[PDB]
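Student:
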Amino acid sequence: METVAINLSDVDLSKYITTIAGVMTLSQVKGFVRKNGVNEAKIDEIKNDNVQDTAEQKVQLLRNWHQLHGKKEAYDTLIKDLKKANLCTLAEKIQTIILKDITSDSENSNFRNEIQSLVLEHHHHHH
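Residue numbers (the entry's author numbering): 201 to 327.
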């Protein structure tokens, strides 16, 4: 009957770009955005600007690619492309980040904001 058709339509690709670069590297994220239609000249400025800096530069390149797409199923482009950019490693760590967002109803603690703390009242059906 059509089988499961995925459910990450509201991935909201934009907040995981920072938490993702944390586990990613500077050379890894580099070949990523550059190998995703993010303009090679653009990464050129972001390359010499920090030849030896992996602090925030990680979210600088990743974020530059986020504004590129940002629309629908953008999360599928970050994972599928991360594997097509000769990496097959960055898309894994980030895979766990998003998996926690949707699965943050037990191993997380950011749902009852300005209401209480646990989970039950503000919700859709789960207790």
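From the three backbone atoms N, C-alpha and C, an ideal C-beta is built for every residue, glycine too.
Taking Cβ positions, are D301 and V319 nearer each other than 8 Å?
Tutor: Residue numbering aside, residue 301 sits at position 101 when the sequence shown is read from its first letter. Residue numbering aside, residue 319 sits at position 119 when the sequence shown is read from its first letter. Cβ atoms of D301 and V319: not closer than 8 Å.
Student: Quick check on DSSP: helix, strand or coil for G270?
Tutor: Reading the sequence shown from its first residue, position 70 is the one you call residue 270. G270: coil per DSSP, three-state reduction.
Student: In angstroms, rounded to a whole number, what distance separates the CA positions of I279 and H327?
Tutor: One-based indexing of the sequence shown puts residue 279 at position 79. One-based indexing of the sequence shown puts residue 327 at position 127. Each residue's Cα considered, the two are about 32 Å apart.
Student: Starting from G237, trace the alpha helix (DSSP H) in both directions and tell me its first and last residue.
Tutor: The residue given as residue 237 occupies position 37 in the sequence shown. Looking at the DSSP string, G237 is not in any alpha helix (DSSP H), and its letter there is neither H nor E.
Student: From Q228 to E321, what does the alpha carbon distance come to, in whole angstroms?
Tutor: The residue given as residue 228 occupies position 28 in the sequence shown. The residue given as residue 321 occupies position 121 in the sequence shown. Computed Cα separation, rounded: 42 Å.
Student: Rounded to the nearest angstrom, how far is the Cβ of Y216 from that of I315, given a contact under 8 Å?
Tutor: Numbered from its first residue, the sequence shown carries residue 216 at position 16. Numbered from its first residue, the sequence shown carries residue 315 at position 115. That pair is no contact at about 24 Å.
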